[PDB]
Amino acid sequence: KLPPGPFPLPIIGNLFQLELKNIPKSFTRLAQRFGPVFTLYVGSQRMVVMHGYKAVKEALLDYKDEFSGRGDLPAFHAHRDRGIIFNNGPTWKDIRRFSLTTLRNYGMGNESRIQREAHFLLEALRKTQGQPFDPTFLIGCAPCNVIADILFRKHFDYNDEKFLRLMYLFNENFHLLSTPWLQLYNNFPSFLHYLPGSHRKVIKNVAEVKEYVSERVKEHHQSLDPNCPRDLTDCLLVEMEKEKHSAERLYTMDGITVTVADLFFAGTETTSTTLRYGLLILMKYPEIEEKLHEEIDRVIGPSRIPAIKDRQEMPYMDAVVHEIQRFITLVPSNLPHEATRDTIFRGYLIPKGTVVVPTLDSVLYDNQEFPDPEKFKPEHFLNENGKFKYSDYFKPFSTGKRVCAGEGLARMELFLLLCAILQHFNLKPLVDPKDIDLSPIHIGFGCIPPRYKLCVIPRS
């Protein structure tokens, strides 16, 4: 017996119960008709959605091994069953475990890297000279580089036409992946794939970044010395040669290229966007900026670069960084899991290959944990005491076996960089803080911020 749900129409399915502009809201809406676990057929594809902290945790922490799979995402057939994110293969487990180990070994190291990078952000920011600018392609360079150094020991100038091109692709794709047409293409790929439409643009872009990353991996291989692995890409290559004789294969050149692409855009566009929501948020609530400045000055001074150990000393900063991520629910629907082996969830049988959706926004907007969850309120992570307060509901990276791999670097990237930009700059909205609308402009894959420009006016 499957989890409850709407009666599915022929072919179409339960797509009338779905608003493509905004799926998560549809989930929320269905959650209140059928409770915490429900069944949806979209296309022929049959999915199970969990809504709310109890249901989502159970899914992600209790049935780790059962909901191990990764639902398919047709935009990314280019990536499927390879790398990590889109790997629903027998390949998945080890190439993840290895990169995760490697990301660890490059991270103790990570602090310095972000710190080094910050230098350039500030430089690029002063250069705007208190004028209006679109930050999308200023602030995004920082995560990009940080990852570029881990990935290819490569550094970019904030004006390399290729660099900017890669960022544009990441933005174009995130943008596009959160719009209706791709939501539908996501679930009816065979019907739509050869019809015209922006699904074609996404594919073209996925292919462009894969090609580029591909070339870099070949460059690496052609020059690889296995004693001196220069970066991540290297560490992978040496595993690829370590077993050229092994009959059955784990690392193929493609395999690596996908793995690398995965962290490349992953490390870049998630943190860039989050940072950009942060900045916009902070311009809505100038009094929070002011409070934050006070702390930076009190605890770090107007000079010394922010460090990880200052976080324990700064609870307003901390909480802000948290609420930023909680409020904006970047991956509001989580990334799609698949049921691996025939499974019993609460009452219900969940067949094999079922797309399991453990919805994050439903966790992040608990109106018990976070009273007025719809409001941006640092207090959500503060206790009446003024110190930091941790929430078990803070899971915008998810949890369990597919927990975001770049979490540590994400977390650090946000706090440090944000810290930096505020330490040296005040934020200027070009519209009244009263007229700033924080609502995403698209909701699918991700939650996407209004385009906006701003001024940064120095503090030294």
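One-based numbering along the sequence shown. For clarity, a rigid core is taken as the largest C-alpha set superposing within 1.5 Å between two forms.
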Superpose on the core, then say which of 272-280 and 245-253 ends up with the larger RMS Cα offset from this form in 5 other deposited structures of this protein.
245-253
Is it true that at least a third of the other compared entries have no coordinates for residue 108?
yes
Between residue 108 and residue 109, the number of deposited residues left without coordinates comes to 1 to 3
Quick one: higher average CA temperature factor, 322-330 or 238-246?
238-246
Mean temperature factor over C-alpha atoms, higher-scoring stretch between 168-176 and 134-142
134-142
From 369, 262, 219, 72, can you pick the one with the highest C-alpha B factor in the entry?
219
Hey, out of 121, 266, 206, 182, whose CA B-factor is highest in the deposited coordinates?
121
Residue 252 - which third its CA temperature factor falls in, relative to the rest of the chain
highest
Taking the entry's C-alpha B-factors for this chain, is residue 413 in the lowest, middle or highest third?
lowest
Check where residue 374 lands among this chain's C-alpha B-factors and tell me if it's the lowest, middle or highest third.
middle
Considering every modelled residue of the chain and its Cα B-factor in the PDB entry, is residue 433 in the lowest, middle or highest third?
highest
Which third of the chain holds residue 163 when residues are ordered by C-alpha B factor: lowest, middle or highest?
highest
